[PDB]
Amino acid sequence: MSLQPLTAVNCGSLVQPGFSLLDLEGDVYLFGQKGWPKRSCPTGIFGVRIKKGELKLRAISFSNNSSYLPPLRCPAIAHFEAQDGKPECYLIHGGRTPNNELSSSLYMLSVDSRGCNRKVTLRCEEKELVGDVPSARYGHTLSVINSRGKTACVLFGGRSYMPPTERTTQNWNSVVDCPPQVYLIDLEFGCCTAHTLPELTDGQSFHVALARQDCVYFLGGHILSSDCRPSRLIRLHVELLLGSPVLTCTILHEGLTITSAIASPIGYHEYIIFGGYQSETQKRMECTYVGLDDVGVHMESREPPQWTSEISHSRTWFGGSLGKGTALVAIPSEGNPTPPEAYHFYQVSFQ
DNA sequence: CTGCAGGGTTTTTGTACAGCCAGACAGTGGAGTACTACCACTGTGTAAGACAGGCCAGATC
């Protein structure tokens, strides 16, 4: 456990509070640029490199067959691991564009070719969903399961704008939790089914979901109806058996009370959770370790690194997982005159 | 019940005697009155982003 400050070298104004780090093939790719894509980088996606403290961002370039992506702020990222057919995929869905509307379109991102000289080409394919599509939402979670042997995706949670009946230009910008029904989406084709279960009373948002061996564990979300941060741990068990993806669920005793956590994989299935917030006012400071197996989730409090007074007295903080026991955290910075660099950056490393 | 029509009711609308004050009219000689034009000149316009060229640094045979 260690932390080092990073110097936000030029072009650090493209990092916004909500954003994603897609970790694929060595270097990781920042995504969710602030504002619309400026023609300095007409794609919108960036490759990030951390070297001797310098955080340098390079402009990736799409391939010829790709449809282009609007910089969603807080979408649902699902890492589809390397296997047949085209490894490895990242499922982005659905978030909200730089104009405040919700996308409701599933995108699949893959790698194409390299280099020559330290260059990587990507490709984004928008994939149609026939249904019974899930309603446009943001903050939810999507997870990838492999069940004998078909790959499916489980989609759950997330806020949404009010339905188009009570929607009023005085209550326009208000959000309410989407109804709690789990959507099972096939990677191919776009046939999506929707199931409901009694144990899931209300939906959640910003809840870290972990998925392994046809089982999905949901940690504590933030329910906006009762304003509670439930410490219940949720588990659901699905199996795709022709012709239904039959789904069941169970409640567990203890689940951590964190919302919007930074889940970095370190081991085979062991994760380190950095956490966003314990309560509405007081953010989480402790770092936790969550291993998981067929038995269940195993929790362990590990020693958190000594925080600088700044990151300890920060009101809000965000970030993502660079992977391999490394994570990136950001602190909004106050000063006059404008720094102008708004976000000061830290790199945290496990072992 | 409706409609209109002589007259009633009380109330207005005005003209009628008849005496009498308050302000406009004329004016003036000019004053100071009061209202207009003329004169240069002001403020609100206020930061990043696109593109072409040169070059260097790291990866490859």
# chains A, B, ... in the order shown; residues from 1 in each chain; ligands from 1
$ interface_residues --of "chain A" --to "chain B" --cutoff "12 Å" --atoms "only C-alpha atoms (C1' of nucleotides)" --output "ChimeraX atom specification"
/A:38-41,115-119
$ select_by_dssp --residues "stretch 178-267 of chain A" --states "strand (DSSP E or B)" --output "VMD selection string"
chain A and resid 182 to 186 191 to 195 209 to 212 215 to 218 233 to 241 244 to 252 259 263 to 265
$ write_last_selection --atoms "C-alpha atoms" --output "PDB file, in the first residue's frame"
ATOM      1  CA  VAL A 182     -33.318  -7.519 -13.614  1.00  0.00           C
ATOM      2  CA  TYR A 183     -32.737  -7.574 -17.381  1.00  0.00           C
ATOM      3  CA  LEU A 184     -30.896 -10.509 -18.966  1.00  0.00           C
ATOM      4  CA  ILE A 185     -29.260  -9.410 -22.229  1.00  0.00           C
ATOM      5  CA  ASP A 186     -27.592 -11.690 -24.743  1.00  0.00           C
ATOM      6  CA  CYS A 191     -32.773 -10.465 -27.483  1.00  0.00           C
ATOM      7  CA  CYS A 192     -33.286  -9.087 -23.967  1.00  0.00           C
ATOM      8  CA  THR A 193     -35.628 -10.566 -21.362  1.00  0.00           C
ATOM      9  CA  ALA A 194     -36.874  -8.865 -18.189  1.00  0.00           C
ATOM     10  CA  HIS A 195     -37.541 -10.713 -14.928  1.00  0.00           C
ATOM     11  CA  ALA A 209     -21.272  -5.470  -8.615  1.00  0.00           C
ATOM     12  CA  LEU A 210     -18.916  -8.461  -8.751  1.00  0.00           C
ATOM     13  CA  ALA A 211     -19.518 -11.448 -11.010  1.00  0.00           C
ATOM     14  CA  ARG A 212     -17.909 -14.876 -11.087  1.00  0.00           C
ATOM     15  CA  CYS A 215     -23.039 -15.855  -9.544  1.00  0.00           C
ATOM     16  CA  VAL A 216     -23.357 -12.101  -8.986  1.00  0.00           C
ATOM     17  CA  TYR A 217     -22.749 -10.324  -5.664  1.00  0.00           C
ATOM     18  CA  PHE A 218     -24.176  -6.826  -5.201  1.00  0.00           C
ATOM     19  CA  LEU A 233     -25.246  -7.912   0.721  1.00  0.00           C
ATOM     20  CA  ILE A 234     -27.256  -9.254  -2.220  1.00  0.00           C
ATOM     21  CA  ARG A 235     -26.585 -12.399  -4.220  1.00  0.00           C
ATOM     22  CA  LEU A 236     -28.236 -13.696  -7.370  1.00  0.00           C
ATOM     23  CA  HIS A 237     -27.717 -16.976  -9.191  1.00  0.00           C
ATOM     24  CA  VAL A 238     -28.676 -17.338 -12.852  1.00  0.00           C
ATOM     25  CA  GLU A 239     -28.472 -20.154 -15.358  1.00  0.00           C
ATOM     26  CA  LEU A 240     -29.302 -20.047 -19.068  1.00  0.00           C
ATOM     27  CA  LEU A 241     -31.066 -23.358 -19.717  1.00  0.00           C
ATOM     28  CA  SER A 244     -35.200 -19.581 -20.232  1.00  0.00           C
ATOM     29  CA  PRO A 245     -32.439 -17.732 -18.356  1.00  0.00           C
ATOM     30  CA  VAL A 246     -33.868 -18.769 -14.997  1.00  0.00           C
ATOM     31  CA  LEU A 247     -32.832 -16.507 -12.129  1.00  0.00           C
ATOM     32  CA  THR A 248     -33.000 -16.675  -8.322  1.00  0.00           C
ATOM     33  CA  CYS A 249     -31.745 -14.520  -5.459  1.00  0.00           C
ATOM     34  CA  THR A 250     -30.819 -14.454  -1.772  1.00  0.00           C
ATOM     35  CA  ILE A 251     -29.951 -11.929   0.933  1.00  0.00           C
ATOM     36  CA  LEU A 252     -26.727 -12.130   2.949  1.00  0.00           C
ATOM     37  CA  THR A 259     -21.519   3.579  -2.766  1.00  0.00           C
ATOM     38  CA  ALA A 263     -12.967  -1.929  -7.304  1.00  0.00           C
ATOM     39  CA  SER A 264      -9.460  -2.840  -8.488  1.00  0.00           C
ATOM     40  CA  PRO A 265      -8.676  -6.491  -9.301  1.00  0.00           C
TER      41      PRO A 265
END
$ select_by_dssp --residues "stretch 141-337 of chain A" --states "alpha helix (DSSP H)" --output "list in words"
residues 309, 310, 311 and 312 of chain A
$ atom_distance --atom1 "atom CA of residue A:114" --atom2 "atom CA of residue A:60"
11.6 Å
$ atom_distance --atom1 "atom CA of residue A:36" --atom2 "atom CA of residue A:138"
18.3 Å
$ decode --residues "stretch 242-282 of chain A" --atoms "N, CA and C atoms" --output "PDB file, in the first residue's frame"
ATOM      1  N   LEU A 242     -32.050 -23.796 -21.888  1.00  0.00           N
ATOM      2  CA  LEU A 242     -33.017 -23.619 -22.966  1.00  0.00           C
ATOM      3  C   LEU A 242     -34.423 -23.993 -22.515  1.00  0.00           C
ATOM      4  N   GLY A 243     -35.362 -23.065 -22.693  1.00  0.00           N
ATOM      5  CA  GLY A 243     -35.080 -21.787 -23.319  1.00  0.00           C
ATOM      6  C   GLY A 243     -35.200 -20.550 -22.440  1.00  0.00           C
ATOM      7  N   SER A 244     -35.110 -20.727 -21.120  1.00  0.00           N
ATOM      8  CA  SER A 244     -35.200 -19.581 -20.232  1.00  0.00           C
ATOM      9  C   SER A 244     -33.879 -19.330 -19.509  1.00  0.00           C
ATOM     10  N   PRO A 245     -33.516 -18.071 -19.303  1.00  0.00           N
ATOM     11  CA  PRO A 245     -32.439 -17.732 -18.356  1.00  0.00           C
ATOM     12  C   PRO A 245     -32.990 -17.603 -16.933  1.00  0.00           C
ATOM     13  N   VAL A 246     -33.162 -18.751 -16.274  1.00  0.00           N
ATOM     14  CA  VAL A 246     -33.868 -18.769 -14.997  1.00  0.00           C
ATOM     15  C   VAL A 246     -32.972 -18.206 -13.900  1.00  0.00           C
ATOM     16  N   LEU A 247     -33.561 -17.374 -13.043  1.00  0.00           N
ATOM     17  CA  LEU A 247     -32.832 -16.507 -12.129  1.00  0.00           C
ATOM     18  C   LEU A 247     -33.425 -16.623 -10.731  1.00  0.00           C
ATOM     19  N   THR A 248     -32.562 -16.680  -9.714  1.00  0.00           N
ATOM     20  CA  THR A 248     -33.000 -16.675  -8.322  1.00  0.00           C
ATOM     21  C   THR A 248     -32.087 -15.757  -7.519  1.00  0.00           C
ATOM     22  N   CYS A 249     -32.464 -15.498  -6.266  1.00  0.00           N
ATOM     23  CA  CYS A 249     -31.745 -14.520  -5.459  1.00  0.00           C
ATOM     24  C   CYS A 249     -31.766 -14.927  -3.992  1.00  0.00           C
ATOM     25  N   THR A 250     -30.932 -14.245  -3.208  1.00  0.00           N
ATOM     26  CA  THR A 250     -30.819 -14.454  -1.772  1.00  0.00           C
ATOM     27  C   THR A 250     -30.204 -13.215  -1.132  1.00  0.00           C
ATOM     28  N   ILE A 251     -30.532 -13.004   0.141  1.00  0.00           N
ATOM     29  CA  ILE A 251     -29.951 -11.929   0.933  1.00  0.00           C
ATOM     30  C   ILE A 251     -28.872 -12.526   1.822  1.00  0.00           C
ATOM     31  N   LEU A 252     -27.835 -11.742   2.088  1.00  0.00           N
ATOM     32  CA  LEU A 252     -26.727 -12.130   2.949  1.00  0.00           C
ATOM     33  C   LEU A 252     -26.699 -11.242   4.186  1.00  0.00           C
ATOM     34  N   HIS A 253     -25.910 -11.658   5.177  1.00  0.00           N
ATOM     35  CA  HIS A 253     -25.855 -10.928   6.439  1.00  0.00           C
ATOM     36  C   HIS A 253     -25.191  -9.571   6.274  1.00  0.00           C
ATOM     37  N   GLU A 254     -23.911  -9.560   5.914  1.00  0.00           N
ATOM     38  CA  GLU A 254     -23.092  -8.357   5.973  1.00  0.00           C
ATOM     39  C   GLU A 254     -22.657  -7.941   4.576  1.00  0.00           C
ATOM     40  N   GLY A 255     -22.913  -6.684   4.236  1.00  0.00           N
ATOM     41  CA  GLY A 255     -22.405  -6.088   3.019  1.00  0.00           C
ATOM     42  C   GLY A 255     -21.987  -4.661   3.294  1.00  0.00           C
ATOM     43  N   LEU A 256     -20.889  -4.233   2.689  1.00  0.00           N
ATOM     44  CA  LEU A 256     -20.308  -2.956   3.061  1.00  0.00           C
ATOM     45  C   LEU A 256     -21.213  -1.804   2.626  1.00  0.00           C
ATOM     46  N   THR A 257     -21.174  -0.722   3.405  1.00  0.00           N
ATOM     47  CA  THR A 257     -22.079   0.409   3.254  1.00  0.00           C
ATOM     48  C   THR A 257     -21.549   1.468   2.297  1.00  0.00           C
ATOM     49  N   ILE A 258     -20.749   1.085   1.307  1.00  0.00           N
ATOM     50  CA  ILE A 258     -20.101   2.035   0.411  1.00  0.00           C
ATOM     51  C   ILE A 258     -20.844   2.101  -0.911  1.00  0.00           C
ATOM     52  N   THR A 259     -20.969   3.315  -1.446  1.00  0.00           N
ATOM     53  CA  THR A 259     -21.519   3.579  -2.766  1.00  0.00           C
ATOM     54  C   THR A 259     -20.453   4.243  -3.627  1.00  0.00           C
ATOM     55  N   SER A 260     -20.452   3.924  -4.923  1.00  0.00           N
ATOM     56  CA  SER A 260     -19.500   4.488  -5.883  1.00  0.00           C
ATOM     57  C   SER A 260     -18.059   4.148  -5.511  1.00  0.00           C
ATOM     58  N   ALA A 261     -17.797   2.866  -5.316  1.00  0.00           N
ATOM     59  CA  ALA A 261     -16.480   2.418  -4.894  1.00  0.00           C
ATOM     60  C   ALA A 261     -15.570   2.170  -6.094  1.00  0.00           C
ATOM     61  N   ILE A 262     -14.268   2.130  -5.825  1.00  0.00           N
ATOM     62  CA  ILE A 262     -13.246   1.853  -6.831  1.00  0.00           C
ATOM     63  C   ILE A 262     -12.784   0.416  -6.622  1.00  0.00           C
ATOM     64  N   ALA A 263     -13.271  -0.507  -7.448  1.00  0.00           N
ATOM     65  CA  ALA A 263     -12.967  -1.929  -7.304  1.00  0.00           C
ATOM     66  C   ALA A 263     -11.826  -2.306  -8.238  1.00  0.00           C
ATOM     67  N   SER A 264     -10.626  -2.498  -7.682  1.00  0.00           N
ATOM     68  CA  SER A 264      -9.460  -2.840  -8.488  1.00  0.00           C
ATOM     69  C   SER A 264      -9.143  -4.316  -8.338  1.00  0.00           C
ATOM     70  N   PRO A 265      -9.136  -5.103  -9.413  1.00  0.00           N
ATOM     71  CA  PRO A 265      -8.676  -6.491  -9.301  1.00  0.00           C
ATOM     72  C   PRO A 265      -7.167  -6.565  -9.133  1.00  0.00           C
ATOM     73  N   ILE A 266      -6.730  -7.415  -8.197  1.00  0.00           N
ATOM     74  CA  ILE A 266      -5.318  -7.598  -7.883  1.00  0.00           C
ATOM     75  C   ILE A 266      -4.889  -9.048  -8.069  1.00  0.00           C
ATOM     76  N   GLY A 267      -5.644  -9.979  -7.511  1.00  0.00           N
ATOM     77  CA  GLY A 267      -5.371 -11.388  -7.660  1.00  0.00           C
ATOM     78  C   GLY A 267      -6.146 -11.984  -8.812  1.00  0.00           C
ATOM     79  N   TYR A 268      -6.351 -13.300  -8.738  1.00  0.00           N
ATOM     80  CA  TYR A 268      -7.181 -13.977  -9.727  1.00  0.00           C
ATOM     81  C   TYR A 268      -8.621 -13.486  -9.646  1.00  0.00           C
ATOM     82  N   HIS A 269      -9.245 -13.628  -8.478  1.00  0.00           N
ATOM     83  CA  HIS A 269     -10.571 -13.078  -8.232  1.00  0.00           C
ATOM     84  C   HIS A 269     -10.604 -12.160  -7.019  1.00  0.00           C
ATOM     85  N   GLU A 270      -9.459 -11.877  -6.410  1.00  0.00           N
ATOM     86  CA  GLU A 270      -9.408 -10.991  -5.256  1.00  0.00           C
ATOM     87  C   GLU A 270      -9.422  -9.540  -5.708  1.00  0.00           C
ATOM     88  N   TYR A 271     -10.243  -8.722  -5.051  1.00  0.00           N
ATOM     89  CA  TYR A 271     -10.343  -7.306  -5.358  1.00  0.00           C
ATOM     90  C   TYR A 271      -9.981  -6.471  -4.138  1.00  0.00           C
ATOM     91  N   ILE A 272      -9.502  -5.260  -4.387  1.00  0.00           N
ATOM     92  CA  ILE A 272      -9.335  -4.260  -3.346  1.00  0.00           C
ATOM     93  C   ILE A 272     -10.346  -3.152  -3.610  1.00  0.00           C
ATOM     94  N   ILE A 273     -11.158  -2.840  -2.600  1.00  0.00           N
ATOM     95  CA  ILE A 273     -12.190  -1.815  -2.688  1.00  0.00           C
ATOM     96  C   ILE A 273     -11.694  -0.563  -1.975  1.00  0.00           C
ATOM     97  N   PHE A 274     -11.666   0.554  -2.702  1.00  0.00           N
ATOM     98  CA  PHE A 274     -11.285   1.851  -2.157  1.00  0.00           C
ATOM     99  C   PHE A 274     -12.478   2.595  -1.576  1.00  0.00           C
ATOM    100  N   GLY A 275     -13.625   2.501  -2.217  1.00  0.00           N
ATOM    101  CA  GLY A 275     -14.824   3.068  -1.631  1.00  0.00           C
ATOM    102  C   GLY A 275     -14.995   4.533  -1.957  1.00  0.00           C
ATOM    103  N   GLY A 276     -16.251   4.934  -2.103  1.00  0.00           N
ATOM    104  CA  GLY A 276     -16.565   6.333  -2.270  1.00  0.00           C
ATOM    105  C   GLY A 276     -17.058   7.032  -1.021  1.00  0.00           C
ATOM    106  N   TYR A 277     -18.065   6.476  -0.351  1.00  0.00           N
ATOM    107  CA  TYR A 277     -18.737   7.209   0.713  1.00  0.00           C
ATOM    108  C   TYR A 277     -19.394   6.232   1.682  1.00  0.00           C
ATOM    109  N   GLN A 278     -19.263   6.507   2.986  1.00  0.00           N
ATOM    110  CA  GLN A 278     -20.017   5.776   4.003  1.00  0.00           C
ATOM    111  C   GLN A 278     -21.408   6.370   4.192  1.00  0.00           C
ATOM    112  N   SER A 279     -21.498   7.697   4.232  1.00  0.00           N
ATOM    113  CA  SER A 279     -22.747   8.422   4.411  1.00  0.00           C
ATOM    114  C   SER A 279     -22.791   9.582   3.429  1.00  0.00           C
ATOM    115  N   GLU A 280     -23.916  10.294   3.426  1.00  0.00           N
ATOM    116  CA  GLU A 280     -24.077  11.429   2.525  1.00  0.00           C
ATOM    117  C   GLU A 280     -23.007  12.481   2.769  1.00  0.00           C
ATOM    118  N   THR A 281     -22.695  12.749   4.032  1.00  0.00           N
ATOM    119  CA  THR A 281     -21.751  13.804   4.361  1.00  0.00           C
ATOM    120  C   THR A 281     -20.320  13.289   4.453  1.00  0.00           C
ATOM    121  N   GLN A 282     -20.100  12.228   5.221  1.00  0.00           N
ATOM    122  CA  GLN A 282     -18.761  11.779   5.587  1.00  0.00           C
ATOM    123  C   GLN A 282     -18.318  10.676   4.633  1.00  0.00           C
TER     124      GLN A 282
END
